[PDB]
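Peer 1: Opening piece of a complex, kept in its complex position:
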Amino acid sequence: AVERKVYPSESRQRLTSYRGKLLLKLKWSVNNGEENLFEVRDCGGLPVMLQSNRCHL
Amino acid sequence: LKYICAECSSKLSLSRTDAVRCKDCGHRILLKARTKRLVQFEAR
Amino acid sequence: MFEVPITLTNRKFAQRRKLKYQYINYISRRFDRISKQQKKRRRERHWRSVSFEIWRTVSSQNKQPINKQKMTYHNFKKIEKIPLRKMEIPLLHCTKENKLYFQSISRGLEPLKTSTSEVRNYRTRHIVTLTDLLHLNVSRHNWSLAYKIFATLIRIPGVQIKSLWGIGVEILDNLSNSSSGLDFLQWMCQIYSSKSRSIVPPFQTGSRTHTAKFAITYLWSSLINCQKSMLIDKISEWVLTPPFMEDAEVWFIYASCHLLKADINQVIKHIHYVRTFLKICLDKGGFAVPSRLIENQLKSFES
Amino acid sequence: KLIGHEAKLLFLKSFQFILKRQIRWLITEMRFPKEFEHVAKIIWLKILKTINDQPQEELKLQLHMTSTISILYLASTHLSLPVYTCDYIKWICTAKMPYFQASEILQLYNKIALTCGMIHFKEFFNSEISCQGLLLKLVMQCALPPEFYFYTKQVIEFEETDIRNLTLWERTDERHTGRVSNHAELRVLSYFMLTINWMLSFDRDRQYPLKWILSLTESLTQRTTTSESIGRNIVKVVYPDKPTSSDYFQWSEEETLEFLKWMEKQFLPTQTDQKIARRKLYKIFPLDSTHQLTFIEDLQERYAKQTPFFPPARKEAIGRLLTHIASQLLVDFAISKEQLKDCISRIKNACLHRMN
């Protein structure tokens, strides 16, 4: 469902981390690029510094 | 009306085994509103 | 006489698709032989590939060579004769109408009733008229009535939102009274962009791979709300929350945001910027015939 | 959670409950008599007692919505009220009389004969149909002049001699050429058609010229908004067979307008986390000197539109009038083209034979 932004005030009150999601574009390659596979992954929600470019604030 | 959306401030009440979230917004954190009740304080 | 925008049906049609793909499989099985369940239908339908800005097609050049007759009469009826019988078994369990249906589709006839035509009933025939009047009034530029239609439609507990361009043009020529246009568009996008089978897509869809309608439509139309100017850094900040990031065309939307911001060393970084996203949109997709036009423009800028 | 194997009781209690709900709405909103209720408690009492004098976990129960309507009609007809099946069809298809759900979110002729054998019509109730108001309903429904009420009333007397009943019921199901078209109303409609056809196409005193058949046809054909015609459009939308849906294709902007009116009124009688998400989702885009004229107004003005009252291609005019009439009847009395013409066919040979 269409996601909502998370403001740290929520993270404080819920006593959770304030984290952004971490994403990796991963090249799975076989035989020196003879065959390769691009697949994006998620390594988990990553804590984010407040008032930074990834902070909604 | 015991409760308040921690976000949109919308007043609400709940029930037993009810989704905890703002029926309007859906924020799953809720506040307990203060109601008329007799509390004593000394002015000292 | 137009496609209906509700989930087709329950009924027979499943058992018909059963008969169809089951028989299909028996014939194709014996056919590779001689060349040497929802799930049966699933594997069956499965093993098969599933001066202007044209998403050019893939043309013929490295493709294949010629074949020469496979199928006389006496030899086709070979492959036909057995699987038709195995079909004689569960045909014994489907209904008369679908006996005759399978019979005829197997003779190679083609039905001249539709799944809509034969799904009878007070309520659906009413929806059929409601939606017709919708499509008609919208053809007629009768945006007011049209709107009334659309509203009573979506009110009905059956219609899925497959009629959005319905509003996206309807509410669009209806400046009058209602939040509209972009309202609907970016609404659609925000709601149907996450996790939060048939009866589907190209103009509706979910995540993990791309989503024509809502996405590209708000995603240009907001840039048209900036041709309303002569906003951008917003559209490109939240455009600048990928990833699906294989949405190459959205890469070109991004580069467009930069050519519109470009319209001092700031303006430099904006033209540097568009120069970058145009080729990261050589990702692939395929737009803009000569990027040297985009770049001749970028030199009119470079002045 | 839910009852087992003897929820026969809860079944009969939502059924009984839903019936009484419908009666509340027909005495209240349709100004029926209070007597209807006791008439209904009696009939549904009779058949409740008969299923509870064949009650067994080896259960054979078939209480359908059709049964509800069947006992309303059954009871009305003992009471000789001038209500007819088509009243009921209009009523239920218009979401006015509650129907088309189990408890909203918080074949008729055949089930009336079926119930009509289930408990016996003959020595418990009076199952004469209220014939003459059916005639009046019918002449007014066309714009036929009041002579045709007596015209048909005559042919009626001629074949039947005034007597009309409700069972063609012996439990049997294998029926062919025996006892079918034995539900009366259908024969009345058949007679009605026949009358217009003989009567017109054979009055050599043709008081009725080469052309007023046409003007009749056109004043019949003119789509014009009253409650009634609007209704028949609303019925047409849920009638099984084409052409009667090509019809909504051919509606006039006024017809479509009173349509959307009825739409937003009686689809506030609509049915049926994400639920409130669509409560808001829909409440984003907005749900929301008297003009159009009454029945006898329209009726008057077509009677006048023919008031210039004072040659085998008139057989044509006869035929298209008949077929238009027919169509209105098919949607109005929920039957098939082929059903109707089976009946009028049978009973027209039944009139030739008892005159020839």
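Peer 2: Cool, the structure landed. Numbering: from 1, shown residues only, chains lettered A, B, ... in the order given.
Peer 1: C-alpha only now, for contacts and for neighbours.
Peer 2: Fine.
Peer 1: Let me see the ranges of the strands in chain B.
Peer 2: Using DSSP state E, the strands of chain B run over B:3-5, B:11-12, B:30-32.
Peer 1: Spell out which strands sit alongside the shortest one in the sheet and which way each one runs.
Peer 2: Within its sheet, and counting by DSSP bridges, strand B:11-12 is paired with strand B:3-5 (antiparallel).
Peer 1: rewinding a little: just name the most buried of the strands of chain B.
Peer 2: strand B:3-5 (a mean of 20; mean count of other C-alpha atoms under 10 Å in any protein chain shown).
Peer 1: What lies in contact with it?
Peer 2: B:10-14, B:21-22, B:25, B:27, B:29-33 (C-alpha atoms under 8 Å, 6 or more residues apart in numbering or on different chains).
Peer 1: And the furthest pair within the residues you listed?
Peer 2: Pairwise distances across the contacts of strand B:3-5 (C-alpha to C-alpha) peak at 17.5 Å, for the pair B:25 and B:33.
Peer 1: between these two, which one's more packed in?
Peer 2: Between residue B:25 and residue B:33, residue B:25 has the larger neighbour count (other C-alpha atoms under 10 Å in any protein chain shown), namely 16 against 13.
Peer 1: Nearest spatial neighbour of residue A:13, chain-adjacent residues omitted?
Peer 2: Distances taken as C-alpha to C-alpha, 6 or more residues apart in numbering or on different chains place residue B:29 nearest to residue A:13, at 7.9 Å, with adjacent residues excluded.
Peer 1: What is the neighbour count of that neighbour?
Peer 2: 15.
Peer 1: And for residue D:136?
Peer 2: By the criterion of other C-alpha under 10 Å, residue D:136 has 16 neighbours.
Peer 1: How much space separates it from residue D:328?
Peer 2: Residue D:136 sits 16 Å away from residue D:328, going by C-alpha to C-alpha, to the nearest Å.
Peer 1: Equivalent analysis for residue C:285, please.
Peer 2: According to C-alpha to C-alpha, residue C:285 and residue D:328 sit 58 Å apart.
Peer 1: name the element the closest residue to chain C within the stretch 101-250 of chain D belongs to?
Peer 2: Taking C-alpha to the nearest C-alpha as the measure, the point where the stretch 101-250 of chain D comes nearest chain C is residue D:238, at 3.4 Å. If you go by DSSP states H and E, residue D:238 is not part of any helix or strand.
Peer 1: dump the residue contacts of it.
Peer 2: C:121, C:122, C:123, C:124, C:125, C:126, D:93.
Peer 1: ok, so of those, who is nearest chain B?
Peer 2: residue C:123 (31.9 Å).
Peer 1: How about that closest one, nearest residue that isn't a chain neighbour?
Peer 2: Nearest residue to residue C:123 in three dimensions, chain neighbours excluded: residue D:238, at 6.3 Å (C-alpha to C-alpha, 6+ apart).
Peer 1: Just give the nearest non-adjacent residue to the residue of chain A found nearest chain C, would you?
Peer 2: Residue nearest to chain C within chain A (C-alpha to the nearest C-alpha): residue A:1, separated by 3.0 Å. Excluding its sequence neighbours, the residue lying closest to residue A:1 (C-alpha to C-alpha, 6+ apart) is residue C:196, at 3.0 Å.
Peer 1: which bits of the stretch 51-200 of chain C sit near chain D?
Peer 2: C:120-126, C:129, C:132-133, C:145, C:148-149, C:151-152, C:154-157, C:178-179 (C-alpha under 8 Å from any C-alpha of the partner chain).
Peer 1: Using the three-state scheme, assign the closest residue to chain A within the stretch 101-250 of chain D.
Peer 2: Across the stretch 101-250 of chain D, the shortest distance to chain A (C-alpha to the nearest C-alpha) belongs to residue D:105, at 25.8 Å. Assigned with DSSP: H, G, I helix; E, B strand; the rest coil, residue D:105 falls in the coil class.
Peer 1: include chain E too:
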Amino acid sequence: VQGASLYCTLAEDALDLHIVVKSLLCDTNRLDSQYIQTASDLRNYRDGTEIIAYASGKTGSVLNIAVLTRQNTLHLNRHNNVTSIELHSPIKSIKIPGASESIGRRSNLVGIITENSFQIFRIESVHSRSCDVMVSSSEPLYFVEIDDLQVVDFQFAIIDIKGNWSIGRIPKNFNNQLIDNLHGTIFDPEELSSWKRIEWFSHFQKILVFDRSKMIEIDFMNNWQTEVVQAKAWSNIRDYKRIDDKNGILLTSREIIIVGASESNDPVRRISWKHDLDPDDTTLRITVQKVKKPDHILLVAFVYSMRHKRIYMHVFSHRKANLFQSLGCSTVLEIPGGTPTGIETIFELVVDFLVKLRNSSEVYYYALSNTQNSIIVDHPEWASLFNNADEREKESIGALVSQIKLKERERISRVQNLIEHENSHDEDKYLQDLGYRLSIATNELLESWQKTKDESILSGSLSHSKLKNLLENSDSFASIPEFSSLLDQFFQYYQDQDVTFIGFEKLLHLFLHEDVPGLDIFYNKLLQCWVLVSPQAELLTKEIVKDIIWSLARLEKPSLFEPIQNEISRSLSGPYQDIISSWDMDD
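Peer 2: Putting chain E together with the chains above:
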């Protein structure tokens, strides 16, 4: 939008529609819930001679009746589109399509004629002079294999039959007959439907072969084959017809309207774009007409069905530099009870064509304009009802027509005098002695309702609702308001309890569909309506308000005191849990 703001919210034009202009032209188990695969009529200008001459608009039609015939004749155009005099010739089998082609202005704008059929495939030549037409059947070929050819495309006779195809050539004029080489086949065991189709694309040796699953580009005279870019998934190829001198293509697939066309010279697709128009109807065909102007070149897209006579239209335009856009759907009907087998074509728009309909040997020129500045019923099911007559059954019908005609005379002259007496002292005498006359009989039946009350096995007593056997009783009054007053004072009279009670007004509601308080305003309303018409209104309207008020006269069972008796006496014999199932006043 796309180009206008690439260049750095509404349509180009205003709201255009669609009008008619019509003319007459030609006039020639148990399972029809399916249909075969066939088309069946052409009209095209072709060059007969070419000793510096022009083209002549020809029709090739089908006399059928008994299946098997072929018609040719010229049509002088101007505006009212006609013929002169006919010329005809059959073949021993059934015609499946007549087609006649024209490659465009690369060349020599000419043709001749071709047609394909249930077990035979033929091609004809023609010469013509003085308004007679003389054509000339270059030999058939009965079906070499016992197959059957879907489509012909066309100096190259190309056949397609249930998968496998062949390029081939026609003879020059005489006896020698038509050969082939370079064959091939598409084939797809899982294509149950029998139709496949072949048509040129670009011009030099690039064909398209179709089945309701896929689109196959085949470059013969090289060796080449491609499955284009969709197939066999969410939609069916429903039709394809080639637009444009050579390089244009129009494909109907479910709701997508697809314009393909050329690029890189040969051999290409277009994912330029499409509109989507809305069914599941296997029958659906398309045809294009083209018109010109300086700033565009527009294609009008006709998608039509076999199920309803609506025609569904879209419009594209061709801008010099391979450029196409669209605008908004529009759809028309025409006369009902049937559907079309031929729709075919040739600040405002003129589009014009002809249609044939299912089972009507009839060709109609049509013409459609932008604006305005300038049932033959043979329903065999019903007429078979409305005649069903020998001669003694024609006069057998006339019998009772006369019978109730003179009878209706009896009614008229009878009632007339009663109408004379409307308010006499006499009619008061009658409404009196009649009113309490009735009352005496009404008491009598109430007594033999005493004697048999103890039944309590039913609640509908005997058979009640009548004038109660006086036949003199009813008919003889004339005033309606003094008869309504009679009844109001009779209901008033038997107001002594345990009696039927019923209230007419609330029920006339069902009749005139408005509140009908008095018995009288009922007569008023009907009398307005019928005084407008055939009037003996005053009389009849009185006579039928009399029949209704009789038919409804609430003479009936003893009340409440007697329902609540059988209600409980059956409510008992039903045991137990059903004694509580018998529940009322829920909520």
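Peer 1: please look at the neighbour count of residue D:136 again, because chain E has been put in.
Peer 2: Counted with other C-alpha under 10 Å, residue D:136 comes out at 22.
Peer 1: Now do the SS call for the residue nearest to it when sequence neighbours are not counted.
Peer 2: Spatial nearest neighbour of residue D:136, chain neighbours left out: residue D:149 (6.6 Å); criterion: C-alpha to C-alpha, 6+ apart. Here residue D:149 is recorded as helix under three-state DSSP.
Peer 1: Residue D:149 and residue D:124, how far apart?
Peer 2: From residue D:149 over to residue D:124 (counting by C-alpha to C-alpha), the distance is 31 Å.
Peer 1: So for these two, which sits in the more crowded spot?
Peer 2: Between residue D:149 and residue D:124, counting by other C-alpha under 10 Å, residue D:149 is the more crowded of the two (23 against 17).
Peer 1: how much space between the more buried one and residue E:540?
Peer 2: According to C-alpha to C-alpha, residue D:149 stands 9 Å off from residue E:540.
Peer 1: Residue C:229: neighbour count?
Peer 2: Neighbourhood size, residue C:229 [other C-alpha under 10 Å]: 9.
Peer 1: That one should be in a helix, yeah?
Peer 2: No - read with three-state DSSP, residue C:229 is coil and lies in no helix.
Peer 1: Surely residue A:37 is in a strand?
Peer 2: Yes - the assignment for residue A:37 by three-state DSSP puts it in a strand.
Peer 1: beta partners of it?
Peer 2: On the basis of DSSP bridges, residue A:37 is bridged to residue A:28.
Peer 1: Equivalent analysis for the one 10 residues further on, please.
Peer 2: Using DSSP bridges, the bridge partners assigned to residue A:47 are residue A:19.
Peer 1: pretty sure it contacts residue A:22?
Peer 2: No - using C-alpha atoms under 8 Å, residue A:47 is not in contact with residue A:22, being 9.2 Å away.
Peer 1: hmm, back to that, I'd say the residue nearest to residue D:136 and residue D:137 touch.
Peer 2: No - between residue D:149 and residue D:137 there is no contact under C-alpha under 8 Å: 9.7 Å.
Peer 1: any idea where the helices of the stretch 201-350 of chain D begin and end?
Peer 2: For the stretch 201-350 of chain D, the helices defined by DSSP state H, counting those that start in this stretch occupy D:212-221, D:227-236, D:246-249, D:253-266, D:274-282, D:295-305, D:314-332, D:337-353.
Peer 1: ok, now which ones touch the residue nearest to residue D:136?
Peer 2: Contacts for residue D:149 were tallied using C-alpha under 8 Å, 6+ apart; they are D:135, D:136, D:139.
Peer 1: From chain B, how far out is it?
Peer 2: The gap separating residue D:149 from chain B is 62 Å, by C-alpha to the nearest C-alpha, to the nearest Å.
Peer 1: same thing with residue D:212?
Peer 2: The gap separating residue D:212 from chain B is 65 Å, by C-alpha to the nearest C-alpha.
Peer 1: The chain: strands as residue ranges?
Peer 2: Here I'm looking at chain A. Counting by DSSP E, chain A has strands at residues A:19-30, A:35-47.
Peer 1: Correction: the question concerned chain C.
Peer 2: Under DSSP E, chain C gives strands at C:110-111.
Peer 1: Stretch C:218-227 vs chain A: in contact?
Peer 2: No - using C-alpha under 8 Å from any C-alpha, stretch C:218-227 never reaches chain A; the gap is at least 14.9 Å.
Peer 1: dump the residue contacts of the residue positioned nearest the centre of chain C.
Peer 2: Note on chain C: the residue nearest the mean C-alpha position is residue C:202, at 1.4 Å, using C-alpha atoms, centre = their mean. Listed by C-alpha under 8 Å, 6+ apart, the contact set of residue C:202 reads C:211, C:212, C:213.
Peer 1: backbone phi and psi for it, please?
Peer 2: Dihedral pair for residue C:202: phi -10, psi -40, per degrees, to the nearest 10.
Peer 1: That's all I had, so thanks and see you.
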